[PDB]
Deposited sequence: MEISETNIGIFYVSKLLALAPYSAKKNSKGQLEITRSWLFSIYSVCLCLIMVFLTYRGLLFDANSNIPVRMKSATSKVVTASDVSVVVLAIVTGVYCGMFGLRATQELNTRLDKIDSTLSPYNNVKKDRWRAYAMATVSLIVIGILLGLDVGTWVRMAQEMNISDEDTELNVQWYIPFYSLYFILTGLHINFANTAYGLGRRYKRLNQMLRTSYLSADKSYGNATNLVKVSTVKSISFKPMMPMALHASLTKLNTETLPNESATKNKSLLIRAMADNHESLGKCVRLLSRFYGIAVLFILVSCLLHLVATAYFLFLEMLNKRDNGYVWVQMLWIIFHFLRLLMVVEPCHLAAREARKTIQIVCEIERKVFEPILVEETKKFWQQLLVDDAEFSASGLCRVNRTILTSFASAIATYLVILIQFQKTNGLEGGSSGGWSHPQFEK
């Protein structure tokens, strides 16, 4: 993942949420270096293990209690256990990916520094820092308000329907796991959006340099080809770093969307208190936004990477210089055999098409379920 000064605070968040057991330090001549932090690695492992144990322990006491409010019937038990276990699995996979991703992180950061060295005019450090910090703050604030509203509505329903603080305490670890999941989403989205921005800047450089002395252009094209290859390598590195984590995040999004939609439709049919309906609608919106935060950056990066070949062809059709058109032909040959789609550890390609697939499931699972009640 990306560790840059412009979004250094992001890294700190990832370090505080048991997802970045690393330490970043400038050396003498610039050059931030990322090394393993044994203290923070131990802290992250212990925190993840303790929190998973705590949430499962709370679930087990809720099931083995003389008055349950969320376990209750067998189907409710199964749904709640599946949801909690899916979140737990996503959290554990993210912590594991951050645990053994030191070498990939250093390689990606070195490649990103090398790439950003060339694209000096298009840096926009202030704008990128502002956007990244705004995204992180917005996501954290939204998840905080949503967790507060959920706990408030749950305590309200348990109070109207008397020994509820114990259940709330048992269920707090689930909410902290949701916080960690939000942090994981923030980290992955930041890295993928950085890759997409660098691809867009490369395309803009290629467009400006030729649509709007020959040796400067020759090594410019050479550096552009090198940067495109390095960006492809960075995409592959991010895939290796976060593939299984993103796969389990997508599984979590699908499961939560289906379960929340089914519960919302059932509650609307039963015509119960509207506050739970608003809470469920907010949860649906949050899950859809999570799915978008995962899918959109990968699709944007893949689309921006594939456009470079058209600009290269247009450049080729507007060159009367032989060594530089030879370099352009080499660039076109390199781009023809190239991929930049983020792969969830090979199981699927992460782009907007995933959304369609999810719909094709979310509808089907609903059609079997929604009308089975009646």
Discussion item. Missing CA coverage against the deposited sequence, listed in sequence order.
Written reply: 162 to 165, 217 to 262, 425 to 443
